[PDB]
Each structure stands twice: as C-alpha cells, then as structure tokens.
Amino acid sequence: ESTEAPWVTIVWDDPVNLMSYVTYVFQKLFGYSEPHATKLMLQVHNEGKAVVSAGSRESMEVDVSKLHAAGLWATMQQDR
C-alpha cells in the first residue's frame, strides 16, 4: 500500500509538565498563535492527546524530535 501518505504528530497528556509550559512550547516550536497553542494544550489535557501538526513522515519525525527535546510526550503516525 502506498507509503507516500500524510502523517501527524500527536502530543500525549503527561502528569508533570505545566499547562502554561505546553502552550509556550507549541508557540515556540511551531510559531502558533496563543489561541491556537492554548486550544491544542487544552485538547491534550482534556482528551488525553491531540494532533499538533501534520505533513510528510520525515517532517513529522522532526516535530517529534523537537517536542521530545522540550520534554513533551510526542509520537507520530500515518493519517488515514
């Protein structure tokens, strides 16, 4: 099945990181506005996870690495 397909980066809720820290990380790493970053942060906190970015597999590998360096629990998967 064709592997040339889009992927997403997902951030998972963690019990240590501050909600204010998560909002800041999404702004700093992705350039998102505050309303956007806060909405994503709250989605992680209230649903347990959220898609935070989307693109090619190789581009999502970078976003995962960036988020891990910031201390956030990030994974990637194919978007169906």
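All residue numbers refer to positions in the sequence shown, first residue = 1.
| task | Between 5-13 and 68-76, point out the one with the higher average CA B-factor as the PDB entry records it. | result | That would be 5-13.
| said: Splitting the chain's C-alpha B-factors into thirds, which one does residue 62 fall into? | reply: Lowest third, going by the recorded CA B-factors of the chain.
| task | Name the third of the chain's ranked CA B-factors that contains residue 25, choosing lowest, middle or highest. | result | Its C-alpha B-factor belongs to the lowest third of this chain's values.
| query | Taking the C-alpha B-factors as the PDB entry records them, is residue 54 in the lowest, middle or highest third of its chain? | reply | It falls in the top third of the chain.
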